[PDB]
Every structure is written in structure tokens, then in C-alpha cells.
Amino acid sequence: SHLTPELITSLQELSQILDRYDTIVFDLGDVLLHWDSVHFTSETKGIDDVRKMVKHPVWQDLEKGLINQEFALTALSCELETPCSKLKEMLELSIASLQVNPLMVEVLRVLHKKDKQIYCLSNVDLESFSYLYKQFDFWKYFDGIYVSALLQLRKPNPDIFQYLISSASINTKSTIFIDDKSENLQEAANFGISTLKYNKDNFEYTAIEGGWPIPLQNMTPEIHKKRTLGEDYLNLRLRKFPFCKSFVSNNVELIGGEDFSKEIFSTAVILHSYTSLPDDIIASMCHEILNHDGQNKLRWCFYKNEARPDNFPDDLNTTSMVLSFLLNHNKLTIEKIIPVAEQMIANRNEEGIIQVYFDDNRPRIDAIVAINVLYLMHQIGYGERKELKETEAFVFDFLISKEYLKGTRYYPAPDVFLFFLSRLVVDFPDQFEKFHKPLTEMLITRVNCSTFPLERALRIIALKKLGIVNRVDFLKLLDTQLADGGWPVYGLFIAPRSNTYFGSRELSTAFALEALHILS
Amino acid sequence: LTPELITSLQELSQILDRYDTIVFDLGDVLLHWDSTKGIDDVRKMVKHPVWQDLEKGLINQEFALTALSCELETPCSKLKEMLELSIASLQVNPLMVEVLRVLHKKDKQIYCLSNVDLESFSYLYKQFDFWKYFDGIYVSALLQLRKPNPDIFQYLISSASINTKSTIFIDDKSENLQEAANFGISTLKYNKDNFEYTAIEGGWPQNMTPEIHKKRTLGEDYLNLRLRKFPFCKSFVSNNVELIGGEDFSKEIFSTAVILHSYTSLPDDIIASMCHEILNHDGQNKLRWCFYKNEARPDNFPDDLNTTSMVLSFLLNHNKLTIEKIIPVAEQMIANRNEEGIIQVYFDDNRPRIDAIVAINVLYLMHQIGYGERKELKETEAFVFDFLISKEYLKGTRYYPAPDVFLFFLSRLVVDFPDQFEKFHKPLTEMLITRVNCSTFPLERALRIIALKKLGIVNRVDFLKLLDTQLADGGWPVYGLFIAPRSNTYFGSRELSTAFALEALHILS
Ligand SMILES: CC(C)=CCC/C(C)=C/CC/C(C)=C/COP(=O)(O)OP(=O)(O)O
Ligand SMILES: CC(C)=CCC/C(C)=C/CC/C(C)=C/COP(=O)(O)OP(=O)(O)O
Ligand SMILES: CC(C)=CCC/C(C)=C/CC/C(C)=C/COP(=O)(O)OP(=O)(O)O
Ligand SMILES: CC(C)=CCC/C(C)=C/CC/C(C)=C/COP(=O)(O)OP(=O)(O)O
Ligand SMILES: [Cl-]
Ligand SMILES: [Cl-]
Ligand SMILES: [Cl-]
Ligand SMILES: [Cl-]
Ligand SMILES: [Cl-]
Ligand SMILES: [Cl-]
Ligand SMILES: [Cl-]
Ligand SMILES: [Cl-]
């Protein structure tokens, strides 16, 4: 009574079978990649097959992202009685031998051309995944990447299939799944997904009717309540203070902060980033931007006038973010904006980089202000202007040199730079292709690397816009919502000379809710 | 139902005396109050949902005060001043404390169960002196549970092994006594004019027990396998406490002795086999022990009082040596004092050193063999006491860098010989309370869990996070317990980490 798999040995066969499905799921290993596991070094004592490492239960902890490679290797040098330097060696040689499967990468490229939904489902650890993302170039063929170290789940547990089906909204009826390991294929079949076993010299194809029901939700009821509680919390805050409040102090957690609430920038940030604000709040906060007394001829000052220090200039950051939002909500025309954009091009320093302030007496640069200025440039038609070349290069170097790990002049948190960069790169992809992979690669390395809710939320948002599901940061984010539904205050940006952080519970809650939304 | 209002101290004493276990809260029953910009009423802080987060030990006072500062639209500093005055104006309830003293004196089982935040609890533990009457203290911010959720009552019942039939609960909040009654515990509502006694039929039979059992079995199988293959406990060395890049060393007997002394549920075959390693050890010389095996002994490296102390203490405790054979070595240790009278680390007058934790382990053997009151110990004992009170231990000891290791080994001494160490008990417990969850290393979490339990305090925060760092083979990560300080070499194993983690799981089961 065991279901007899149809064998396949002709590309014509493989092709007709694959065409019968809307959605194809690849696993990386074997199907799309291969490598040499055995690797002898100048260390005679110990194991010789990296397979001993990958078969060890500690490896499950690495794949799920619970531990890193240094940790895994330290525990394995003990369990496997092999000098850890030899295992590190072995693991490196195996990684260096990785190559694509040329046949299946071509299948993958074609499937993507025929406008199919394609997902990558792989047990692979964060550090390896980051390296694979850099080394190969089929990732562009995937509609979504589901990696164990980003999920805290792993094949063959049904949990990972259940999260895949739910996350990607998959109709398992029209879904097939290509993998080498049988137990992964059996698990997916009990979910009603048809399987395609990749063998040495053939494919085993089991069509699966399925159509049975799904089990209990990993945390869905939890999530719906926390989202509602956060929404109620934030809508109440913003309806009472549509001019988004801020607090100041000398630390990122704003411990002991005092209420300031006289800068309009936070309001602009919230208008731009949380895409589910009720309409009355958008309008009420939009009203604030326009009537902001620090508007002078379509240029904005950070401060309200009453709070404006002596001789504090308009800045290209407030102005850029505001104009961009106005433009995008049909409250300003490109014709009115372009003259302001032109003042910005006239604000470059000796190195050609557009500067922060509308004031030649206050020369400053900042990578994120650069980014937000370029965003407005491309949004209005200026994307090919020659005067932007040096500014774009400043931002690219900031990324590639990993200089962003030290923060920007006004934004200390590295993920804030990656986040705003990801809006530019994703929203204007033709003009930013060379950024896409180094950006996605930095983000992969940073999954779950900090505890601050807003930072976790930024990484969730950016990686998802770039096609990668970051469930780990998601989970931890839920754990830090407080009982009233809001998240804790966060110092998004600083007055550098005085080391004054600025932030609000509203800022943290808005990005958190957006991150919960984007993975929903 | 309807309570039976009580106002006779003679009746009350016959109600209470009918019960084997009495649970007190803190508010009103034992502690009460008796006498510009925003919120003048602290009522608003405590009724606010954020306050529940503070009570569960999910956030600390600073976090809570910044969040409330915003939600109550009051300057942070004002909220903090108010919070400090309220706490500072707390006074003992003299009648009820005396009831408590007497219930304790009559050998009842008494537990404290309070919704109080970690920092406040920490203050109250130091301020007031009725804690010595409880058999266990169950504070929400350390349980990550809170009244009146049934969870906490289930935790208390199973944690303390309470027969709810013979258990009565004294609280001033109605809803707490209600939930308590759902578990068959008789309630006694405290009003300032009377008591409301409601008897309840108990005796009829928490919520991670399936998971916890699996992790414990997995960890046991792991450690059992390691020690059966390597009864001479292995060790790795490196520059760092996580022994990243460590190399197999495994030529020192101390780790074996530590395992034996510290993890109580080892199987008999493993205890026997590890005991053989301690007895057949190379470095043994006339019932003094050397850290190293001979094959690894550096030139002129002396026997040391720490390995010797732990080993003799273990053999004694396992009837392999008599006090008569040990006492002459103890006398040698008394002959090892430096100019300040402190007992030194090495059997070698040319390697003069002191180490508060080595002192502790020496003092332990001293009290175990009957030397507890020898005058020559006074300075050593004062060394250790100051080392704690001055907070010098936060800098580590010479050979153990982690502060909690000192607190943990001190807690063996203080709790095993309580009459001789009463003045250590409060400052020790107090320090430990302020260090709950202050570090991530599993072994350090394990030590704080054991020490606090031995001192009558359930630390479940560190417990839960400990369960999360077990690896999938059942063992916990390696950890560097002690160092050669001059080369800054750390020693450690997964056996050490896994042994302590399992004892922590056991002591809270
Ligand atoms: C060379 C090297 C890095 C060795 C260590 C392991 C590793 C990450 C190999 C590269 C390819 C890969 C993703 C294998 C497992 O993933 P899968 O879960 O996609 O494969 P499966 O279905 O074959 O288990
Ligand atoms: C996020 C953002 C709006 C960035 C652009 C600049 C800006 C207006 C920042 C807001 C906060 C602030 C007053 C900074 C100036 O601090 P300083 O006076 O210590 O530094 P400066 O001499 O660099 O102005
Ligand atoms: C100033 C301030 C409010 C500080 C926070 C801690 C606090 C509530 C102190 C007052 C008395 C006390 C220790 C109550 C504990 O709650 P219980 O669980 O002992 O009391 P209940 O049964 O009445 O809740
Ligand atoms: C935990 C314990 C057993 C403590 C007592 C002393 C002892 C034998 C420690 C074991 C580790 C060791 C070899 C230290 C050598 O210290 P060094 O040679 O680096 O410095 P020294 O001059 O302090 O010996
Ligand atoms: Cl790609
Ligand atoms: Cl600058
Ligand atoms: Cl910068
Ligand atoms: Cl574009
Ligand atoms: Cl006390
Ligand atoms: Cl010394
Ligand atoms: Cl010391
Ligand atoms: Cl005693």
C-alpha cells in the first residue's frame, strides 16, 4: 500500500511535472549546492569527515541560530575529541569547495522566468548563510528565503513547514518540494505538498492530493492580541499628541529622560514608517508638519520656533523626509519640490557630498541624511544628476567599509543606517543594484545581534523587504512589549556634541507594529 | 461562602495551630504605613499595567519609572522620590511579626508569598529582620509570576511540597485569598479590626514539568556518559572564560573533586569510580593533594590547601577517612598563616598567597572536623567576612574571577554551619538577591540558583534562562571556573557546567 513514486529521467518529464505547480520549494543542499565533506589537514588526531560535525546534535543548535560557529566548534572539539583548530580548518575547506549544482540552478532560473512562486527552505546557520548569500547569485530567483538560523526552526520538524505554509500563504495543493533527504519530503507530504526527491541519476515524484487540515498555530493567538494591544496603545498616544512626543537624556534607553516634545522630526519619521496608522492620525499628524512653525519656504527646521536655539538652521534631513512624505501623499508637486532639491545639490562640501544643514557656517555630513536626501532626489526625477555621484559613493563606502558599525554623526545604531539604506535600495532598485547584496549580507550577519526592540524591528523590516524572513528577531520583539501594549522608549538619534539622545515610546511601538505587520 | 470573623488572640492561635503550613504575604500583614509637578499619588504607579511588568521581574525600577514618567506625565525624578519615601516609611506590623516568630518557634512550615519587585524586595530584606522566620520566600519578581494568577499558587504548592489540607494563607487582598482557596488552601483575610477565617478542605492533588523533566533526563544522560568514559573529569584551557579555542588538558584532579562535592545525584558507580581517581591520584602525598598529576606537575609546584581541603572534606563525608587521620593535616593548615594571621593557599612558605574562596574551603573542613572554634581561625574568618561586606568579591578572587563563585562557596559554609556563621547569612543573601540574572553564563546562573535556595529563596528567573542554554546533546557549554592568574589560563569543562546546572534543576524541583 506504500505510495509508488513516479520515476523521472528526462528533462521533458521533469519539465511537464514542474509546470503543473504554482509554487516550488527548493532546499539548498545537494539540489542547488554541493561540497566536499572529507578534508585532511596537518592534524592526524581527531576526525576527518565534517559529516561527524554536521551529524552531531550540537549542530542542530548551530542551525537554529541558538549558537554560533565558534561555540559549536568549541563543544564539538570536546564531544568529537578533535582539536578545535582542525575542525575550524575542515569546516573552512568544505565551505571553500562549495559550488552550484549547474543543472538545478538552471531549472531554478527557468522556473523564475515562467513567473512561478519559488521558496528556499534550508537548514543552515547564520554565518554560513551570510557567506552563501555573498558567494552565489541565484538568490534573486527566490520569492522568499526561509533559513533555519533566521527562523529558530529546522527541518524535518513540522513546525518549519507549518510556518512556511503560513508565512508565504502557500496553497499546498499547487506546491511541490524538491529535496534530497526523504524525511524532509515525507514531512512536507503530510502537509499536502507534493514531493520531488533529487537522486544521483533521477527524480522520484510523488504527487500529493492533500487537502486535509492544518494544526495548532505556533503563536498566532498571542500575536493577534499583542498587535491589537500595541495598536490601541499607539493610536491613543498619537490621537492625544499628534505632534509626536520626545524625551531627552544621555543614554540610548532614555533612562531618566525629560519630556522635550519640541522637534517635528519624530512626527515625520512616524508618518513615513508605520504603514497602518488610522487615517485620522495621518491627517492629524500631517496637519502638524504643514503648520510646523519651523517651515520656511518648503524648508523645515528640526525645532519648533519656541525651542529653536539661536541661529539653528534648517536641515536637509527634516526637509527631505517631510517633502518626500508630502510628495507621496499628493500634498506637494514635484514642481514645487525641485527648487528645494536644487538648493540641496548646492549644499555640497569640498569632497562633493551633500551636507546636513542649510547653513554654510555649519558644515556637516551624515550617511543617513545623505541617504534620505538621495531618496528625495530619485523620487522627484533627479536620480541621474551628476552632482549626486560623490554623495552616493559616500553612502556606498560607508556600507562596504563596514564604517556603519560605528554609527553616523546623529544615528549611533548601525541598524538605523542599514534600515534607511534599505528603503532607498529597494524602492529604486534599478539605480541601486550594487548596494543590494552587500546590504542584505550585512543584515543577515546582524540577525538577533541586539536586544533593543526598535533595532530588532528595523532588521525584521529591512530583511523582509529584501526577501528574507527574520522570525527570530520577531519572537524576541514580542517578549519586550510592556503590559500597556507599548514598547520601551528608544533614543533614535542624538545631538552629538552634547550626547543628547532623543526618542519616544511612540517611535519604538510604531516600528515594532510595522515589523509585526510585515511578517503577518 | 461567608467567613467567620475572629477577634480573640486565643481563637486566632487555635485556628493557626490547626495548620502545619502558614503562608504570609507582606503588605499590611507584616509591613504597613503608619504616620509639585504631576502625580502626587503613588496609587497611580501601582495600579498601572506597567507595574505588573515590574512585579514579574520583567523590567527593573529604572525602566518602570521611565515608562510611567511618560504614561503618567510626571517627571521621572518625582516618581522616584515618591517611590523612595513610600518604601522608606514602611513599618513592621508588630503583632503579626510576633505571631510569625511564634509560629516559627513552634516549628510550623512558614512561607512568604509576595508581589514585590526585585529592587524593593532587596531593600526590605536588609531593612527588616523577620525573614529568618520563613522556611522559603516566594517573591514575584524572582518567580516571574504574580498573585492572583493561579500559576504562582501552583508553583508554590509544588515547589514547597505543600499539603494544601493543612495550609492556611494570611493575606489582606480578597482576590489572592480567593485563588488560594481554589487550590484547597484555607484563607485568613487580614483587616485592621479583625480576621476573616474561612476553612477549606485541602489535600486534593507546575506547568513546565514535561519540558523540565526531558531536559533533566537529557542532561543526566549526557553527564553520566562523559563521567563514565572519563571519571577523571576532563578540563580544557585557554585565554578566556568561554574556553573558546581551548585545548584538552585533563591533568588536574581539582575538577573531579568539585564534581563530587557539588552535584548530589551522581549514580553510585560514578561516585565510586571518581573517588578512585581522587585516592589513586599521583599528587597525593601524606593526605595532602597536589592540583596536578605528576606527569603535568610543574617543577617545585606545591600541594595546595584548596584541593586538599575539598578532597579531605569529601573523603570524610563519604566515610573513607576519619577525623583522626585528617586533623593533623588541618593542623598543618593552621601552621600556614601569613603575617596578618590568614591561612595561605599553598603548602610552601615561599609561595605566599591568599584567596578568599580557598579560605572558605579550609574553614569548611575546619568546622567539619571540630576545629570550628580554634582561635587561630579568627583572622581567616574575618578576611572572608570583610571580602564579602566590602564588596571586594565583585573583583573576583585570585584564582576564581567570577563573583558568584565566591558567594556560592561561601553559601556552603554559612548554611552548613549556621550557628557559627549567623552574621554572614543576611549580607550573603542580600548580595545574592541583587545579582539574580546579572550574568548570562549558565554555570553562574546555576550557582545563584543553588545558593539562594539553600538560603530560603526561590530564584526562578535564573532557572528559566538556564534551561535555555542546554545544548541538544544534553550538556551545557564549557565554562572556565578557575585560572592560573599569572598566565591568565582558564580551566573548565562541560562536565563542570552540566554538573552545576543539574544540581540547580534538582534543588528547585
Ligand atoms: C561546506 C559547509 C558549509 C558545510 C556545513 C553545512 C552547510 C551549510 C553546507 C552548505 C549547503 C547546505 C545549506 C546544506 C544543508 O542545508 P539543507 O538543509 O538545505 O540541506 P538537506 O536537505 O540536504 O539537509
Ligand atoms: C536626525 C536629524 C534630524 C539629523 C540632522 C541634524 C539634526 C537637526 C539632528 C537633531 C538633534 C540635534 C539638535 C542635533 C544637533 O546636535 P549638535 O548641535 O550637538 O551637533 P552639530 O554641531 O553637528 O549640529
Ligand atoms: C512604594 C512601593 C509601592 C513599592 C513597591 C513594593 C510594595 C508594594 C511595598 C509595600 C508593602 C509590600 C512589600 C507589599 C508587597 O505586596 P504583597 O504581595 O506582599 O501584598 P498584597 O497581598 O496586599 O498585594
Ligand atoms: C582553584 C584552586 C585549586 C586554587 C588554588 C591554587 C591552584 C592549585 C589553582 C589551580 C590553577 C593553577 C595551576 C594556578 C597557578 O597559578 P600561577 O602559577 O598562575 O600563579 P601563583 O603564583 O598564584 O601560583
Ligand atoms: Cl542573487
Ligand atoms: Cl561632519
Ligand atoms: Cl556619518
Ligand atoms: Cl529605479
Ligand atoms: Cl532576618
Ligand atoms: Cl596573594
Ligand atoms: Cl582573594
Ligand atoms: Cl554550626
Side-chain angles (χ1 to χ4, degrees), chain B residues 23-33 41-48 51-52 54-55 61 64-65 68 79-93 97 100-101 104 112-134 137-141 143 145-148 152 169-180 187 189-191 306 342 344-345 353-360 380 383-384 386-388 390 392-401 403 405-406 422-423 425-430 455-457 485:
Chain B
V23 189
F24 291 75
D25 91 311
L26 288 174
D28 288 12
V29 178
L30 300 175
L31 290 178
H32 55 64
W33 301 274
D41 208 357
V42 177
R43 298 309 249 176
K44 292 190 192 175
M45 287 183 74
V46 174
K47 299 184 177 174
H48 191 278
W51 199 263
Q52 300 169 332
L54 179 60
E55 275 173 352
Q61 270 195 21
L65 270 303
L68 296 168
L79 295 192
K80 180 169 193 173
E81 287 170 29
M82 295 186 303
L83 186 54
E84 291 179 345
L85 275 313
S86 319
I87 275 296
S89 65
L90 275 171
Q91 267 158 359
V92 154
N93 181 323
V97 168
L100 176 74
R101 186 190 65 81
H104 172 61
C112 190
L113 178 76
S114 181
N115 279 15
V116 60
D117 70 276
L118 180 58
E119 285 146 296
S120 297
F121 172 59
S122 203
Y123 174 81
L124 304 176
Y125 189 86
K126 199 182 178 204
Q127 272 301 294
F128 302 96
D129 290 287
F130 53 75
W131 309 103
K132 58 198 181 199
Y133 299 134
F134 293 119
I137 301 176
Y138 289 73
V139 162
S140 58
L143 301 185
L145 305 176
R146 57 189 299 282
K147 295 182 287 182
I152 193 155
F169 178 32
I170 309 160
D171 198 327
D172 71 306
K173 286 336 170 181
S174 203
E175 54 203 275
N176 296 350
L177 298 158
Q178 183 50 50
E179 200 40 59
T187 58
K189 181 170 170 158
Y190 178 92
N191 314 286
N306 196 21
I342 305 176
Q344 289 175 112
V345 172
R353 271 130 179 91
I354 64 181
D355 174 291
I357 290 174
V358 180
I360 291 173
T380 296
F383 165 45
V384 168
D386 297 352
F387 198 82
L388 163 80
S390 75
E392 167 89 336
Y393 81 98
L394 292 174
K395 316 180 190 178
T397 82
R398 184 175 176 77
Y399 306 94
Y400 309 76
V405 178
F406 165 85
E422 297 183 296
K423 70 163 183 172
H425 184 104
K426 287 257 299 200
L428 180 56
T429 299
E430 162 73 3
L455 300 157
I457 301 191

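Side chains included, hydrogens not; waters and symmetry mates left out as well; all remaining heavy atoms used. Indexing begins at 1, ligand by ligand and atom by atom, following the structure's order. Below, chain A is the first sequence line, B the second, and so on; all start at residue 1.
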Starting from [atom], find the nearest protein heavy-atom neighbour and note its residue, name and distance.
| atom | answer |
| --- | --- |
| atom 6 (C) of ligand 3 | B:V116 CG2, 3.9 Å |
| atom 3 (C) of ligand 3 | B:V46 CG2, 3.8 Å |
| atom 13 (C) of ligand 3 | B:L124 CD1, 3.6 Å |
| atom 22 (O) of ligand 3 | B:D171 OD1, 2.5 Å |
| atom 20 (O) of ligand 3 | B:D25 OD2, 3.0 Å |
| atom 9 (C) of ligand 3 | B:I87 CD1, 3.9 Å |
| atom 11 (C) of ligand 3 | B:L90 CD2, 4.1 Å |
| atom 19 (O) of ligand 3 | B:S114 OG, 2.6 Å |

Any atom of ligand 3 sitting under 4.0 Å from a heavy atom of B:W33? yes

So, 4.0 Å and heavy atoms of B:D117: is ligand 3 close enough to count as a contact? yes

Looking at B:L83, B:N115, B:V42, the heavy atom closest to atom 2 (C) of ligand 3 belongs to B:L83

Which residue from B:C112, B:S86, B:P148 reaches closest to atom 1 (C) of ligand 3 through any of its heavy atoms? B:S86

Answer with side chain, backbone, both or neither: which part of B:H32 has a heavy atom less than 4.0 angstrom from an atom of ligand 3? neither

For the residue pair B:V139 and B:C112, establish whether any side-chain heavy-atom pair is separated by less than 4.5 Å. no

Which residue in the set B:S140, B:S114, B:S120 passes side chain to side chain contact (heavy atoms under 4.5 Å, CB included) when paired with B:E55? B:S140

Are the side chain of [X] and the backbone of [Y] linked by a donor-acceptor contact shorter than 3.5 Å?
| X | Y | value |
| --- | --- | --- |
| B:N93 | B:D28 | yes |
| B:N115 | B:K147 | yes |
| B:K132 | B:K426 | no |

Per-atom filter on ligand 3: closer than 4.0 angstrom to a heavy atom of B:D172 are 21 (P), 22 (O), 23 (O)

For ligand 3, which atoms have a heavy atom of B:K147 less than 4.0 angstrom away? 17 (P), 18 (O), 22 (O)

B:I137 and B:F121: CA distance, side-chain angles, deciding distance, side-chain contact (heavy atoms from CB on, under 4.5 Å) verdict: CA-CA 11 Å; B:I137 301 176; B:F121 172 59; 3.9 Å; yes

Within 4.0 Å of atom 15 (C) of ligand 3 (strictly less), any protein heavy atom? yes

Contact check: [X] vs ligand 3, nitrogen or oxygen atoms, below 3.5 angstrom:
| X | answer |
| --- | --- |
| B:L26 | yes |
| B:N176 | yes |
| B:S120 | no |

On a heavy-atom basis, which atom in B:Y393 and which in B:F406 lie closest, and how many Å separate them? CB-CD2, 3.5 Å

Where is the tightest heavy-atom contact between B:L30 and B:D25, given as atom of each residue plus distance? CD1-O, 3.6 Å

Could you check B:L90 against B:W33 for side-chain contact (heavy atoms from CB on, under 4.5 Å), going step by step and ending with a plain yes or no? CA-CA 5 Å; B:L90 275 171; B:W33 301 274; 3.7 Å; yes

Show, in sequence, the C-alpha distance, side-chain angles and deciding distance for B:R101 and B:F130, and conclude whether the side-chain contact (heavy atoms from CB on, under 4.5 Å) test is met. CA-CA 8 Å; B:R101 186 190 65 81; B:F130 53 75; over 6 Å; no

Crowded around B:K44 NZ? As in, over 12 foreign heavy atoms under 6.0 Å? no

Evaluation steps, side-chain contact (heavy atoms from CB on, under 4.5 Å), between B:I357 and B:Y399: CA-CA 8 Å; B:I357 290 174; B:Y399 306 94; over 6 Å; no

